[PDB]
Amino acid sequence: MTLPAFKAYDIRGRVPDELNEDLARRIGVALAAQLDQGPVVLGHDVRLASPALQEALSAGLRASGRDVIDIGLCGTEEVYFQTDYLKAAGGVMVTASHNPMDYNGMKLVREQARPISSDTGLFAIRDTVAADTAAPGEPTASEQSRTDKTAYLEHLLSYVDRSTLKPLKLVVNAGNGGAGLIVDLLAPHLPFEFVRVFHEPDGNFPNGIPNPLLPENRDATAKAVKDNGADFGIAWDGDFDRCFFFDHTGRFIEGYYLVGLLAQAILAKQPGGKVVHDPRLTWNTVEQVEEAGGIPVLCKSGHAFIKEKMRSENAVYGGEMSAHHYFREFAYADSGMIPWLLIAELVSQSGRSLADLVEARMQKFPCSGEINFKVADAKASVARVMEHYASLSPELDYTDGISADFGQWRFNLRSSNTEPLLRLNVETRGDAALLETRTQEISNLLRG
Ligand SMILES: O=P(O)(O)C[C@H]1O[C@H](CO)[C@@H](O)[C@H](O)[C@H]1O
Ligand SMILES: [Mg+2]
């Protein structure tokens, strides 16, 4: 009874039965009715169908009197940046990010790149598109091509003092997504020596779909770091709004620890600022933010919640453990580029390896990583967990599912808003043994 491609935060589906040019044009028409006055920025990723879906979007938008600013093949963050920079009414990125070959999708924003989500306009668009049987009208507005990335590149470079950068050797792995175009445009302005892996955009994805979380894709970056003696490695998803770090030993760094690391990096430039973090893994971030003189602000996980809380708090930075990093001056939006520029500067200025910058934090606050469970009855499973631990009287917080703080250890257990899954995160106060026994205990209870 409902179009399956319309999800909580974006549109995503198999082409062509769940998403196609006709739906894309109808989405353009419906989006025009939902935005304030102004033109609409469109960009797309490397997938084979993405240009044609963008063209259909543009045709619907222009049939509805919206001028279209075509920024071309880009990363999702460039749609965010240009929507805000050009003071557009909104923007759409055509992308499936990390999904398989036969999938595509769209990420929609309104003014200042504010997200459009299921409860803030996306399901309104879905319902309009679902009932729209009108004949396609003809264009009454224009499309302008604006592929200049100069303002975007200057904005990225403004986060670091380039005279303090050292000629680090960096592995970069675009995964045949789009990140390599931006790296290559930044490189004339940077002293780094880049080691390029899976660098060329290829929507056929000959080296695997761009998802650095798959261990086999992870190992391509690790090996390049180790074989070339690189200072660290960076990998991106296909639309490069997520970045992933490998230290000089080839070790993939759990994203939890990048939140505290980037917060300290930013707070050095913006003293006393607020930093937004999610509730899944917290202790390390709270401590690092406070030690840097910042103020940590707890917020439900999900990019729309993070961005809204950052805005209401004038927070300079927000970070999620799931490799999303948000920057006030970047229209409160996430970037897969700003994070590694900041880390490169921190390594250059401190004389410490990425490994040593996080090592003590990982020992002090070891974490399970996010563990997902598909169970027969999520509500019953969660109840089994809470009944088992009731006699210990944990401190409970319901910001985002259930957070339970036992003193020396804590967990977060929540339902995903994008998949029918339970997600589990556990951390402890410097106790790897406790981390494992509690994680396994909860896992058995969930699976019971
Ligand atoms: O499925 P979940 O866990 O509700 C939402 C997931 O996707 C969101 C958008 O990519 C992320 O902001 C969030 O951190 C992540 O857990
Ligand atoms: Mg992505």
# chains A, B, ... in the order shown; residues from 1 in each chain; ligands from 1

$ residues_near_ligand --ligand "ligand 1" --cutoff "7 Å" --atoms "only C-alpha atoms and all ligand atoms" --output "list in words"
residues 301, 302, 303, 320, 321, 322, 324, 415, 416, 417, 418 and 419 of chain A

$ write_last_selection --atoms "N, CA and C atoms" --output "PDB file, in the first residue's frame"
ATOM      1  N   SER A 301      20.683   9.156  18.210  1.00  0.00           N
ATOM      2  CA  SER A 301      21.413   8.883  16.981  1.00  0.00           C
ATOM      3  C   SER A 301      20.512   9.043  15.761  1.00  0.00           C
ATOM      4  N   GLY A 302      21.135   9.366  14.635  1.00  0.00           N
ATOM      5  CA  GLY A 302      20.432   9.651  13.380  1.00  0.00           C
ATOM      6  C   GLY A 302      20.795  11.065  12.971  1.00  0.00           C
ATOM      7  N   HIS A 303      21.194  11.210  11.703  1.00  0.00           N
ATOM      8  CA  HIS A 303      21.760  12.472  11.237  1.00  0.00           C
ATOM      9  C   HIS A 303      20.789  13.639  11.399  1.00  0.00           C
ATOM     10  N   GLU A 320      28.989  10.959  15.261  1.00  0.00           N
ATOM     11  CA  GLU A 320      28.374   9.678  15.569  1.00  0.00           C
ATOM     12  C   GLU A 320      29.414   8.572  15.456  1.00  0.00           C
ATOM     13  N   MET A 321      29.238   7.501  16.234  1.00  0.00           N
ATOM     14  CA  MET A 321      30.209   6.416  16.166  1.00  0.00           C
ATOM     15  C   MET A 321      30.183   5.710  14.816  1.00  0.00           C
ATOM     16  N   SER A 322      29.117   5.898  14.032  1.00  0.00           N
ATOM     17  CA  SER A 322      28.915   5.238  12.749  1.00  0.00           C
ATOM     18  C   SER A 322      29.541   5.995  11.580  1.00  0.00           C
ATOM     19  N   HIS A 324      29.953   9.276  10.873  1.00  0.00           N
ATOM     20  CA  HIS A 324      29.327  10.505  10.400  1.00  0.00           C
ATOM     21  C   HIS A 324      29.857  11.644  11.249  1.00  0.00           C
ATOM     22  N   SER A 415      16.381  -0.062  18.707  1.00  0.00           N
ATOM     23  CA  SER A 415      15.892  -0.506  17.414  1.00  0.00           C
ATOM     24  C   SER A 415      16.369   0.456  16.332  1.00  0.00           C
ATOM     25  N   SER A 416      16.877  -0.094  15.234  1.00  0.00           N
ATOM     26  CA  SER A 416      17.220   0.731  14.085  1.00  0.00           C
ATOM     27  C   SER A 416      15.965   1.369  13.488  1.00  0.00           C
ATOM     28  N   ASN A 417      16.119   2.598  13.000  1.00  0.00           N
ATOM     29  CA  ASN A 417      15.052   3.302  12.303  1.00  0.00           C
ATOM     30  C   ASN A 417      15.094   3.077  10.801  1.00  0.00           C
ATOM     31  N   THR A 418      16.109   2.368  10.301  1.00  0.00           N
ATOM     32  CA  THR A 418      16.262   2.113   8.877  1.00  0.00           C
ATOM     33  C   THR A 418      16.217   0.633   8.509  1.00  0.00           C
ATOM     34  N   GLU A 419      16.317  -0.270   9.482  1.00  0.00           N
ATOM     35  CA  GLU A 419      16.280  -1.715   9.290  1.00  0.00           C
ATOM     36  C   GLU A 419      15.560  -2.355  10.467  1.00  0.00           C
TER      37      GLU A 419
END

$ select_by_dssp --residues "stretch 252-388 of chain A" --states "helix (DSSP H, G or I)" --output "number ranges by chain"
A: 255-269, 283-291, 303-313, 328-330, 338-350, 354-364, 378-388

$ residues_near_ligand --ligand "ligand 2" --cutoff "10 Å" --atoms "only C-alpha atoms and all ligand atoms" --output "PyMOL selection string"
chain A and resi 75-77+95-99+107+210-211+236-243+323-324+334-336

$ closest_residue --among "A:266, A:253, A:435, A:445" --to "residue A:358" --atoms "only C-alpha atoms"
A:253

$ residues_around --residues "stretch 391-396 of chain A" --least-positions-apart "2" --cutoff "6 Å" --atoms "only C-alpha atoms" --output "PDB file with N, CA, C and O atoms, in the first residue's frame"
ATOM      1  N   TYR A 389      19.146  -7.911  34.222  1.00  0.00           N
ATOM      2  CA  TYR A 389      20.007  -6.939  34.887  1.00  0.00           C
ATOM      3  C   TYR A 389      19.280  -6.096  35.931  1.00  0.00           C
ATOM      4  O   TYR A 389      19.917  -5.249  36.572  1.00  0.00           O
ATOM      5  N   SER A 403      19.672   2.975  27.448  1.00  0.00           N
ATOM      6  CA  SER A 403      21.041   3.044  27.919  1.00  0.00           C
ATOM      7  C   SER A 403      21.034   2.648  29.387  1.00  0.00           C
ATOM      8  O   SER A 403      20.184   3.108  30.155  1.00  0.00           O
ATOM      9  N   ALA A 404      21.945   1.753  29.755  1.00  0.00           N
ATOM     10  CA  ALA A 404      22.035   1.241  31.115  1.00  0.00           C
ATOM     11  C   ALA A 404      23.477   1.372  31.569  1.00  0.00           C
ATOM     12  O   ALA A 404      24.373   0.798  30.946  1.00  0.00           O
ATOM     13  N   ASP A 405      23.690   2.131  32.642  1.00  0.00           N
ATOM     14  CA  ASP A 405      25.009   2.447  33.181  1.00  0.00           C
ATOM     15  C   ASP A 405      25.147   1.732  34.519  1.00  0.00           C
ATOM     16  O   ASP A 405      24.397   2.016  35.458  1.00  0.00           O
ATOM     17  N   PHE A 406      26.079   0.784  34.591  1.00  0.00           N
ATOM     18  CA  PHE A 406      26.264  -0.044  35.772  1.00  0.00           C
ATOM     19  C   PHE A 406      27.412   0.425  36.647  1.00  0.00           C
ATOM     20  O   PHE A 406      27.703  -0.218  37.666  1.00  0.00           O
TER      21      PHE A 406
END

$ select_by_dssp --residues "stretch 123-283 of chain A" --states "strand (DSSP E)" --output "PDB file with N, CA and C atoms, in the first residue's frame"
ATOM      1  N   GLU A 143      17.554  25.068 -16.436  1.00  0.00           N
ATOM      2  CA  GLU A 143      18.638  24.376 -15.753  1.00  0.00           C
ATOM      3  C   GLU A 143      19.947  25.070 -16.093  1.00  0.00           C
ATOM      4  N   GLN A 144      20.710  25.420 -15.064  1.00  0.00           N
ATOM      5  CA  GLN A 144      22.059  25.939 -15.215  1.00  0.00           C
ATOM      6  C   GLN A 144      23.047  24.901 -14.702  1.00  0.00           C
ATOM      7  N   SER A 145      24.147  24.734 -15.429  1.00  0.00           N
ATOM      8  CA  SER A 145      25.220  23.840 -15.024  1.00  0.00           C
ATOM      9  C   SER A 145      26.251  24.640 -14.242  1.00  0.00           C
ATOM     10  N   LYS A 169      52.561  10.648   4.098  1.00  0.00           N
ATOM     11  CA  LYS A 169      52.178   9.723   3.044  1.00  0.00           C
ATOM     12  C   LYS A 169      50.852   9.090   3.443  1.00  0.00           C
ATOM     13  N   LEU A 170      49.826   9.290   2.618  1.00  0.00           N
ATOM     14  CA  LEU A 170      48.460   8.896   2.951  1.00  0.00           C
ATOM     15  C   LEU A 170      47.929   7.948   1.897  1.00  0.00           C
ATOM     16  N   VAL A 171      47.450   6.788   2.332  1.00  0.00           N
ATOM     17  CA  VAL A 171      46.697   5.934   1.429  1.00  0.00           C
ATOM     18  C   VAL A 171      45.287   6.496   1.328  1.00  0.00           C
ATOM     19  N   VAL A 172      44.771   6.587   0.111  1.00  0.00           N
ATOM     20  CA  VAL A 172      43.393   7.001  -0.102  1.00  0.00           C
ATOM     21  C   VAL A 172      42.716   5.940  -0.961  1.00  0.00           C
ATOM     22  N   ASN A 173      41.528   5.511  -0.545  1.00  0.00           N
ATOM     23  CA  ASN A 173      40.815   4.420  -1.209  1.00  0.00           C
ATOM     24  C   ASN A 173      39.378   4.868  -1.476  1.00  0.00           C
ATOM     25  N   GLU A 193      51.838  13.058   0.233  1.00  0.00           N
ATOM     26  CA  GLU A 193      52.093  12.096  -0.819  1.00  0.00           C
ATOM     27  C   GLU A 193      50.966  11.071  -0.781  1.00  0.00           C
ATOM     28  N   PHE A 194      50.148  11.023  -1.832  1.00  0.00           N
ATOM     29  CA  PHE A 194      48.989  10.142  -1.840  1.00  0.00           C
ATOM     30  C   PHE A 194      49.322   8.812  -2.498  1.00  0.00           C
ATOM     31  N   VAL A 195      48.859   7.734  -1.877  1.00  0.00           N
ATOM     32  CA  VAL A 195      48.908   6.387  -2.439  1.00  0.00           C
ATOM     33  C   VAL A 195      47.468   6.022  -2.788  1.00  0.00           C
ATOM     34  N   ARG A 196      47.152   5.981  -4.087  1.00  0.00           N
ATOM     35  CA  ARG A 196      45.772   5.910  -4.551  1.00  0.00           C
ATOM     36  C   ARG A 196      45.362   4.465  -4.825  1.00  0.00           C
ATOM     37  N   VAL A 197      44.329   4.012  -4.130  1.00  0.00           N
ATOM     38  CA  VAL A 197      43.814   2.654  -4.254  1.00  0.00           C
ATOM     39  C   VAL A 197      42.381   2.752  -4.762  1.00  0.00           C
ATOM     40  N   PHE A 232      48.927   7.050   7.478  1.00  0.00           N
ATOM     41  CA  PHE A 232      47.638   6.434   7.738  1.00  0.00           C
ATOM     42  C   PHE A 232      46.894   6.304   6.413  1.00  0.00           C
ATOM     43  N   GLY A 233      45.765   5.615   6.464  1.00  0.00           N
ATOM     44  CA  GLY A 233      44.942   5.397   5.294  1.00  0.00           C
ATOM     45  C   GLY A 233      43.530   5.887   5.545  1.00  0.00           C
ATOM     46  N   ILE A 234      42.874   6.312   4.464  1.00  0.00           N
ATOM     47  CA  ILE A 234      41.507   6.807   4.471  1.00  0.00           C
ATOM     48  C   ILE A 234      40.742   6.076   3.387  1.00  0.00           C
ATOM     49  N   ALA A 235      39.553   5.599   3.724  1.00  0.00           N
ATOM     50  CA  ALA A 235      38.653   5.001   2.752  1.00  0.00           C
ATOM     51  C   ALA A 235      37.281   5.654   2.889  1.00  0.00           C
ATOM     52  N   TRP A 236      36.530   5.693   1.788  1.00  0.00           N
ATOM     53  CA  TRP A 236      35.222   6.335   1.778  1.00  0.00           C
ATOM     54  C   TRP A 236      34.167   5.384   1.238  1.00  0.00           C
ATOM     55  N   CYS A 243      33.870   8.493   6.052  1.00  0.00           N
ATOM     56  CA  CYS A 243      35.278   8.179   5.902  1.00  0.00           C
ATOM     57  C   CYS A 243      35.701   7.241   7.019  1.00  0.00           C
ATOM     58  N   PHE A 244      36.758   6.491   6.744  1.00  0.00           N
ATOM     59  CA  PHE A 244      37.202   5.389   7.582  1.00  0.00           C
ATOM     60  C   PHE A 244      38.718   5.434   7.631  1.00  0.00           C
ATOM     61  N   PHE A 245      39.279   5.248   8.821  1.00  0.00           N
ATOM     62  CA  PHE A 245      40.687   5.513   9.061  1.00  0.00           C
ATOM     63  C   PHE A 245      41.435   4.238   9.394  1.00  0.00           C
ATOM     64  N   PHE A 246      42.656   4.146   8.873  1.00  0.00           N
ATOM     65  CA  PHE A 246      43.549   3.026   9.139  1.00  0.00           C
ATOM     66  C   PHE A 246      44.855   3.606   9.658  1.00  0.00           C
ATOM     67  N   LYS A 274      30.282  23.727  22.005  1.00  0.00           N
ATOM     68  CA  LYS A 274      29.504  22.531  22.277  1.00  0.00           C
ATOM     69  C   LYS A 274      29.751  21.468  21.216  1.00  0.00           C
ATOM     70  N   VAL A 275      29.726  20.212  21.657  1.00  0.00           N
ATOM     71  CA  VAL A 275      29.948  19.062  20.785  1.00  0.00           C
ATOM     72  C   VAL A 275      28.797  18.087  20.977  1.00  0.00           C
ATOM     73  N   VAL A 276      28.103  17.750  19.888  1.00  0.00           N
ATOM     74  CA  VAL A 276      26.991  16.802  19.947  1.00  0.00           C
ATOM     75  C   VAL A 276      27.502  15.387  19.681  1.00  0.00           C
ATOM     76  N   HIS A 277      27.019  14.431  20.473  1.00  0.00           N
ATOM     77  CA  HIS A 277      27.388  13.026  20.329  1.00  0.00           C
ATOM     78  C   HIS A 277      26.139  12.177  20.523  1.00  0.00           C
TER      79      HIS A 277
END

$ atom_distance --atom1 "atom CA of residue A:312" --atom2 "atom CA of residue A:92"
24.1 Å

$ atom_distance --atom1 "atom CA of residue A:165" --atom2 "atom CA of residue A:265"
14.0 Å

$ closest_residue --among "A:10, A:17, A:370, A:400" --to "residue A:121" --atoms "only C-alpha atoms"
A:10
